[PDB]
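Novice: Quick one: experimental structure and sequence below.
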Amino acid sequence: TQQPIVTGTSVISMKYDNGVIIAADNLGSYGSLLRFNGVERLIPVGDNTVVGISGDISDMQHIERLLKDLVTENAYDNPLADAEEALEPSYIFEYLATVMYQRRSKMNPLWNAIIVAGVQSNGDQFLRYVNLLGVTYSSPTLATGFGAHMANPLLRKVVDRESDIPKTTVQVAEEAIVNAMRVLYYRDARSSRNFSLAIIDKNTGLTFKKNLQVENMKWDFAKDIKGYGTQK
Amino acid sequence: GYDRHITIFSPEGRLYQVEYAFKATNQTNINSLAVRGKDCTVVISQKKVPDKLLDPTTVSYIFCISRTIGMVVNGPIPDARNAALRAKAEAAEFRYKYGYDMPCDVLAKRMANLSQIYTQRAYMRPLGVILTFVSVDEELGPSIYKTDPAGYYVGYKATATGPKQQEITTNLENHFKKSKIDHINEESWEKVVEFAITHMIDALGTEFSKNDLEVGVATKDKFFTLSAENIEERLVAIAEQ
Amino acid sequence: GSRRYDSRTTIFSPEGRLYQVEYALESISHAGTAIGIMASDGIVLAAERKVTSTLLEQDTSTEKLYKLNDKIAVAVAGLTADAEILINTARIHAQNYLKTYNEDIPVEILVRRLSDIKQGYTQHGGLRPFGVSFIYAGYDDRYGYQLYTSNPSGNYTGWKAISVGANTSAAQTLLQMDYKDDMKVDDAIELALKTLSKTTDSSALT
Amino acid sequence: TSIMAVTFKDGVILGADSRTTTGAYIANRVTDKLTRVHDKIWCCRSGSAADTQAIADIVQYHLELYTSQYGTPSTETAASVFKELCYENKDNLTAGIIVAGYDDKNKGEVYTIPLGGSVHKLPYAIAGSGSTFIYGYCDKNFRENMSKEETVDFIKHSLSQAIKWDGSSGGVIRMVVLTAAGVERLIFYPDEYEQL
Amino acid sequence: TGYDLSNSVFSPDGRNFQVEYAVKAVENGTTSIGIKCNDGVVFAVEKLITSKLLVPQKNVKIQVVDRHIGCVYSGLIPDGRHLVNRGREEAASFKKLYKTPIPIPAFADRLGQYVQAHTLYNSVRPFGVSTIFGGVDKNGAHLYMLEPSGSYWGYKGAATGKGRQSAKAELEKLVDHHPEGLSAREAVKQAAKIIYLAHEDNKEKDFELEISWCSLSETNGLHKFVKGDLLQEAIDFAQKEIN
Amino acid sequence: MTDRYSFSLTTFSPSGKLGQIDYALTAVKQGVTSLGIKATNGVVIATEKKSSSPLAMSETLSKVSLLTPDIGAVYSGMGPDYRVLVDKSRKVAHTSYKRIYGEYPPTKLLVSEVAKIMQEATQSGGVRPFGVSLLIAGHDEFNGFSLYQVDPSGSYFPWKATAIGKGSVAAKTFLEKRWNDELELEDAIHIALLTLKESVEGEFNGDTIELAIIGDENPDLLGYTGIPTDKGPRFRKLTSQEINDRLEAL
Amino acid sequence: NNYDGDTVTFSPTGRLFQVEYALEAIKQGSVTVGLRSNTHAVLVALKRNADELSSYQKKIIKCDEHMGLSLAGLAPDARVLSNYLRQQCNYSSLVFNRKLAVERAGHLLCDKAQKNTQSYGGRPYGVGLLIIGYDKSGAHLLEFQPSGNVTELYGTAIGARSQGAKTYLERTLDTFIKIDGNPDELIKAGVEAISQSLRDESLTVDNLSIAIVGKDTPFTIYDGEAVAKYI
Amino acid sequence: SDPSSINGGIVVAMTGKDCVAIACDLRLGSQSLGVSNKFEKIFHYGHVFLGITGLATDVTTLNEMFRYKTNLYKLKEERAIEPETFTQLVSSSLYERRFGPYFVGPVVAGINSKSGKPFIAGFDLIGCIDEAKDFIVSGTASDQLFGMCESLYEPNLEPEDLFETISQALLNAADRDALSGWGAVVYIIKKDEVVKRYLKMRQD
Amino acid sequence: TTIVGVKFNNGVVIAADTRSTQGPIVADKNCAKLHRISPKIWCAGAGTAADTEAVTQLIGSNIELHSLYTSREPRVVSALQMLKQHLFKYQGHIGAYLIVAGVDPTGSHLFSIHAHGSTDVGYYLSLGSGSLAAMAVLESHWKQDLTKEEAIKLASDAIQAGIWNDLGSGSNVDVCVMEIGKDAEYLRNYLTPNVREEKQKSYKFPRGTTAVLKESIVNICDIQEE
């Protein structure tokens, strides 16, 4: 079957009233040798959708080709049809789920964990999860890999139910993501310094800010707490 | 009636379709000439580009089968393009299986075998073009093989094609009996190119400009085409002679 | 197009049989006189070779007699080319059976089989029929000696004496007269050769 | 197993060891893991020798069609042909190939294809089990866009360590200078740098 | 005389009567022109509006292949769509293998050889279209025209249809006034000029002007249709000269 | 597609004629005459090459093709057809008898195998018969030296001597008159030169006349020395120089 | 002549004879006229029956909630093309969460018609279909010609005695486009049109069949007391 | 366990002066149930003789495979299949099941009648030619035969001096192997006659 | 099993033992390990001997076809490539090991190929289960530009070292010398050392020591008349 070679650690995300903010570490870890650094794992498709991918770099690029095919198929023939029946995040999410489905029943998975983030033509917040286990569900905060266990409760502290989407603004979400990337880095071994951050509004589009670096690590307890037990 | 159209036997012996392949050749009116250097194999062709509507540079009669083997075609343009694709595939496949590039001769033989298949099979048809493979093989030096729409083939030490080859063919026989030498044996690549162009001019009776020529030159492990500017310089040497 | 040459090649004449069969019959008949005579204690196979020269080495040539096995042989009347195919098929088919049951195949099943292959080419496909008539000579204990001829129509029948090729008419006449139930191998040899001496379209009989 | 492709000012230089082991037995120590597939694109082989030989012959053929029909493969174009085959045939073929070439126009480029297979353009790359040692040394002492003489020196210096620390690695430094002047083979005896 | 009843087969002429009649249908078709420009290429087409009950700017025959290829056609309309769809499957395969947008000389081969496979036989009938295609890639401007016959070269300018005679003479004048090649933005006003003059040949039924272009950087190495303001300018300039 | 050509097109006529087999003989006659004479200690086969331009290398065109080192072949009729059959023969011989039994086929067997291909190709529609008639000369241990004529009908027949080509009939009467039971290779060679001259007006010289033999043993060209009782190549095409010496005894 | 049997062999003219006969068949069949506004598409079709004993036969069949067709010419061939479309609509919808556009669906049928004229011994379908639909881009009416020409049109009519409908269509062309937000009036306009196209065999309550799909109108076929309303 | 050892048994072959001889035990079992003493492992197709060891069901199939192929050979070529040609055919055939191979061990014997050369051959499951004219042995007690045969044999043995030598060689070893015994057949093959001799011996 | 190949200036020399073994039971005391794909490409097998014999034959057929067709002498490179592919198809189940040594129009060549289908160039190379005893000798005696004379020596010695060490080696030692453009000289039984102790005393039986149940003439010829 598929044995994991090169993988990305985490993609982290939430909702707010006018859109979605998705961010991710950029890393291709090969065992404990961190062989590739700054493998970007957010792929914008248009300005209304970003596909953030964790897991295999190998499989991630096989999925990329399909992503290429998705745009062209839409663009084909009349431009005015697909202007006003443009690719929603829903259209890309479905296309993908189908391909995965077939592959894994035949015992040869397309080994990835995906979050498709965007906003409709409608502007409705769309945030949904699909992965290699075929589990598909929407949730107000989402994260994959390590980041589920670690980063995600912070995000979830702020947005808890569907009624707290309007109340959150874009400013609030961005501070929350940022605070979480810091913690994340601190407490993940397989973390990269380098991370990119994407804000998608249905009123300004995509602003992509690349190559942010983690802030100074906290070291207040490194210089006081010594030994490890009875012995020093 | 029927025996003409499909490639079954005719009461004469010869297929109507193979004869028709030659007549069709004549309608382009573009004449190609091939000679051998000691160390090179030189092809010059007439190049016709009547108006500016068609772009000059794109007009071509040369197809690079591989990085070494050149091919000059005499005859219809669609058919040439079709045959050209097949030959590239063959050459490569032979590298895969055997670890080395197909010799010029071997390649010619393969195409002739294909040619045969097209003249037994009823819906398949023989190609209207004539395929002249040139190379300088490493081991064997200069190599000319001409392959026919029949698939009849033989090697050469110089040959000419086009509907007005008849003039060139006799002039070549006369030149080479006189000299005695079977082929031009100048080491230098530049001399054989001057000789080829000058000889064409005598034979057809019509003078040319750089514009009216397209010059291919093959040496070992390599095919390359001479730039416009080199060809101008080559004419300065001719004018001086 | 491509439908211009086609014209329902394989269609019955009003009679009930394809024209083509007839024509193939015509071809076979060009071949020389072949006689098989069935006797109480054996079978005689004799044939006179035509379409032949002495320049062509006739001390090794085969256009008649082929060995299928020990008990089973053929005499061919028709295209050597059409025949060659069938003799090979008949050999493998018999061999399969031999291996399967370790008992020789019956003669009747051998004939039936070859006959279907014939029928195939005219039932569909538009392929011209195979121009062969074989004289099948065999032995099994069930029926004793058995003597068949088979046709390109793919019909086969049982016979006690029969001829195919040239002068089948003149030969058939004499044979019926001469056929007896006490008849042995040794009489059939003489008889055949006297028939042959008369039917010869060659210079002589050699 | 020590292989690298390291870019510089005027193109890119490949260097590799020769010693190839099966077991604790040195199987062959005159191996040529720097290998021809197109005039200016060569390939550094590591991993099962069989799998890598087989693929190099299959891609080669493809490359020759590329040239003829669609123009000269870039280094990028060529790398992509390896990526496909090794992804689809991941389990069968375990092959880690660095594909690196010199275009006149686009300069030296280095692309590495893992066992799992995935392209990376990187300014330079270092790989092999016996070359772990020289990740520290190399990164720290990299000078970007070296003089040509500095690029030759640099690889030699790093490799003295790698042979010390690793028995599988050893033998002549076989080198291919991929520059405008073309292909220049260099060989440097192991004695000159192990002792000095 | 039996070669007119047998699809694509050698003859004493050599060229079969079927391949010849396919050209006749192309000729009845709408004017189509192509200009090779300095830094891009401009495709323009006369769309004859037979009736006003056609929806303007919705019957469009500019077919996109990839993100950089424009193709436009005259002749038999089913034959035209089928070659482009078939071209797209082919193109998709190449991009997968080689992870590169397909080159123009590359794609030119994809399109040509499909036709050839059907001239070799008599079982399968070949296309009756001439397709003007091209765009910008890494090797530059490329303007092509393919025949139902299967022969193509580059063109400083190409033309086909009933008004091809108007197109061709002015196309030559352009190379005369501009031997360095007239630039992609200036050429858009000129293309529209040629179309209008060509409309005199095709004057019996009205036309609607429809222009597109692919340019190195004027479009920003993209495919776009000439629309709004730019379109508008080109309308005025053209009219103004035939007046 | 649909290809409506499966149906036989070598259909009988009202008089049983096989249209395409009759026409194939026409191509044979335009061939350049070849002949074969069988002796007690070998086979000689002889022909003149097809005409060509001097400028063309006349070495390349060779109508006599070695198919196995023990079995050679020469033809009359079309050139294109011959080549395809020659590859096909080398192919079928290795797959079916040199992988199984590890040996080049028996001589009659190879003739039997070629003959089937010719039978299907004339039986089946949409494929015209080969327009060539072969002389396959060979040796095998079991049947000794042999010479067989293979017709496009695919019938094959042993002949003491024969000729195919332009003047096949005339040449047969000639060959019969000089056939003996004390023939040698040498006597045979003499006859072949007389025959060939009568039937071909061309020039007789060692570079355009082919004389090739089935019969000389070659421990020398065995290509290896290590057990001489191996027969090695039976086939040898006589070298030009040698040919020139024998043209004194034309 | 001679180019009527053969499909692989181009007519001298370059227009195949089979295709001229396929168009011929369209003309013998039932009148059907289509028109569109911006918020709706409306189809009017004459139901036919052999005899008095025969019950009237609906010619417009709901294909999907957003699609339906009318047939004019041969009924048997219509069935092949219509099944095809149901499969394709559903496949697409399942994969992309993207409804099969009218524009795209048209190309599918087209490439399909191409293959059978390409291939020797095939035949064109002897039928026309007017495919209507309403999707996010708008209302639409597409023309399928057996010649392989697909056109978006404000209105068109095919069938026997199409001419009354055709003059009506030019005239009422600007008027029906500014009518929106009223289904009922658009449907009335169609009835006016079809009765001009007929001479003898007057329409009754079940000789008429109507279909409408719109922004706020699911694809519904109206018959009986429903169309009593618009008569 | 081993498929060869269900029936086990032995085949021995030697060459003598213008003769060969091939012999074998007649024991056939299914494990520790002795079934038959009448079973023959040695078959003949002309002057080629074939003793076959191993899995009993696979023997009957191999015989049959080869019954077919050898007769078709005789008919088309008009001649018996030489020992020489046959050995080759045997090797190709074993190969056919490359993986999951045939579980059988053929041993060829014969006289090339066309030259007068004594010929014997051996084989393994995959099939390779094991050439050695002095002896070829096979089976479950192949080990035992080797010692015996090498010592008894003296290069070039007279036809009936060969007879003493083969007979004793088999007898001693066969009782002293539990999957061998129950009599024997000794085929003495000379060019002009073949004699088939059931031997008197302890069945135990 | 010991095979050495040593390339030299004037040709390429293969030499091998003739004791063939199947387990510690010596299958054939003498039988050439040297086999011929062709007269200009000779080879020897290590590993599963059965597997080697077969694969040489199968592939070696294709090569003959190519060889006839290109109308050149068998090319070392053409054979090597073909073989590599075939093994690879099973992913190297085939237990074959071959020393592929020969001459062709481009000079003299030696290569190895392994069961997985690994190949290597060598000026000298060794395969066998006695590969390690043989290889030691070569690396010492070796110098640049061996002559024909020297190459015989190293090959004979190296196989001779293996007799003392590797058990599967033993008996006659054969050498074949493949020269460029020239017939391959087989010096079969290049060495012949002494095997088999002459009998101490007879073990040949007196007549009459056997007990015979019956005899019957059994026909084998096609049935003949009386």
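Specialist: That came through fine. Numbering: from 1, shown residues only, chains lettered A, B, ... in the order given.
Novice: Near residue G:93, how many residues? Count them for me, please.
Specialist: 15 (other CB atoms under 10 Å in any protein chain shown). Placement of C-beta: from N, CA and C, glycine included.
Novice: separation between it and residue G:80?
Specialist: With distances taken as CB to CB, to the nearest Å, residue G:93 is found 21 Å from residue G:80.
Novice: Likewise for residue G:126?
Specialist: 11 Å.
Novice: Those two: which has the busier surroundings?
Specialist: Neighbour count, other CB under 10 Å: between residue G:126 and residue G:80, residue G:126 has more, with 21 against 11.
Novice: Is stretch G:139-155 in proximity to chain E?
Specialist: Yes. Using CB under 8 Å from any CB of the partner chain, we find that stretch G:139-155 touches chain E at G:147, G:148, G:149, G:151, G:152, G:153, G:154, G:155.
Novice: Out of the residues you listed, the closest to chain B would be?
Specialist: Ranked by distance to chain B (CB to the nearest CB), the residues of stretch G:139-155 next to chain E are led by residue G:148 at 24.4 Å.
Novice: Spit out the contact partners of that closest one.
Specialist: Residues in contact with residue G:148, defined by CB atoms under 8 Å, 6 or more residues apart in numbering or on different chains, are E:76, E:77, E:78, E:81, G:110, G:113, G:114.
Novice: Now do the closest residue to it other than its chain neighbours against residue F:250, distance only.
Specialist: Distances taken as CB to CB, 6 or more residues apart in numbering or on different chains put residue E:78 closest to residue G:148, at 3.0 Å, once the chain neighbours are dropped. Using CB to CB, residue E:78 is found at 71 Å from residue F:250.
Novice: which one of the two has more residues nearby?
Specialist: Between residue E:78 and residue F:250, residue E:78 has the larger neighbour count (other CB under 10 Å), namely 26 against 10.
Novice: Could you grab the helix/strand/coil label for the more buried one?
Specialist: Judged by DSSP: H, G, I helix; E, B strand; the rest coil, the three-state class of residue E:78 is helix.
Novice: host element of the residue in chain E that chain H sits nearest to?
Specialist: In chain E, the residue that lies nearest chain H is residue E:97 (34.3 Å; CB to the nearest CB). When elements are assigned from DSSP states H and E, residue E:97 belongs to helix E:77-98.
Novice: contact partners of that helix?
Specialist: Helix E:77-98 has contacts (CB under 8 Å, 6+ apart) with A:65, A:68-69, A:72, A:76, D:66, D:70, D:73, D:77, D:80-81, D:84, E:61, E:63, E:65-66, E:71, E:73, E:100-102, E:106-107, E:110-111, E:114-115, E:127-129, E:131, G:107, G:110-111, G:113-114, G:117, G:147-149.
Novice: Check stretch D:178-195 too.
Specialist: By CB under 8 Å, 6+ apart, the residues outside stretch D:178-195 that reach it are D:10-14, D:39-40, D:42, D:100-102, D:104, D:108, D:148, D:152, D:156-157, D:159-160, D:163-164, D:170-177.
Novice: buried ones in it?
Specialist: Within stretch D:178-195, the residues that count as buried by 16 or more other CB atoms under 10 Å in any protein chain shown are D:178, D:179, D:188, D:190.
Novice: what's the farthest-apart pair in these?
Specialist: Using CB to CB, the buried residues of stretch D:178-195 span at most 24.9 Å, a distance reached by D:179 and D:190.
Novice: Can I get the buried ones among the contacts of stretch D:178-195 as something I can paste into PyMOL?
Specialist: Command for PyMOL, covering only those of these found buried under the criterion 16+ other CB under 10 Å:
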select buried, chain D and resi 10+11+12+13+14+40+42+100+101+102+108+152+156+159+160+163+170+171+172+173+174+175+176+177
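Novice: Which ones among the contacts of stretch D:178-195 map onto strands?
Specialist: D:11-14, D:42, D:100-102, D:108, D:173-177 (DSSP state E).
Novice: What is the nearest of those residues to chain I?
Specialist: residue D:174 (12.1 Å).
Novice: Let me see the backbone angles for residue D:70.
Specialist: Reported as degrees, to the nearest 10, the phi and psi values for residue D:70 are phi -140, psi 10.
Novice: Could you tell me how many residues sit around the nearest residue to it once chain neighbours are set aside?
Specialist: Using CB to CB, 6+ apart and skipping residues adjacent in sequence, the residue nearest residue D:70 is residue E:106, 4.3 Å away. If you count neighbours by other CB under 10 Å, residue E:106 ends up with 20.
Novice: Following the chain past the strand or helix carrying residue E:106, name the next helix or strand.
Specialist: Secondary structure from DSSP H and E places residue E:106 in helix E:104-120. Remark: after helix E:104-120, the chain's next helix or strand is strand E:129-137, criterion DSSP H and E.
Novice: For the residue of chain G found nearest chain H, which non-adjacent residue is spatially closest?
Specialist: Chain H sits closest to residue G:95 of chain G, with a gap of 42.4 Å, by CB to the nearest CB. Spatial nearest neighbour of residue G:95, chain neighbours left out: residue A:98 (5.3 Å); criterion: CB to CB, 6+ apart.
Novice: For the lengthiest strand in chain G, list the C-alpha coordinates in PDB.
Specialist: Taking DSSP E as the criterion, chain G has its longest strand at strand G:127-135. What follows is strand G:127-135, C-alpha atoms only, in PDB (Å, rounded to 0.1, in the frame of the first residue of the first chain):
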ATOM      1  CA  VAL G 127     -34.100  14.600 -35.500                       C
ATOM      2  CA  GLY G 128     -34.000  18.100 -34.000                       C
ATOM      3  CA  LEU G 129     -34.400  18.900 -30.300                       C
ATOM      4  CA  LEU G 130     -35.000  22.300 -28.400                       C
ATOM      5  CA  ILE G 131     -33.400  22.000 -25.100                       C
ATOM      6  CA  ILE G 132     -34.500  24.600 -22.500                       C
ATOM      7  CA  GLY G 133     -33.100  25.200 -19.100                       C
ATOM      8  CA  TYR G 134     -32.700  27.800 -16.200                       C
ATOM      9  CA  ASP G 135     -29.500  27.900 -14.300                       C
END
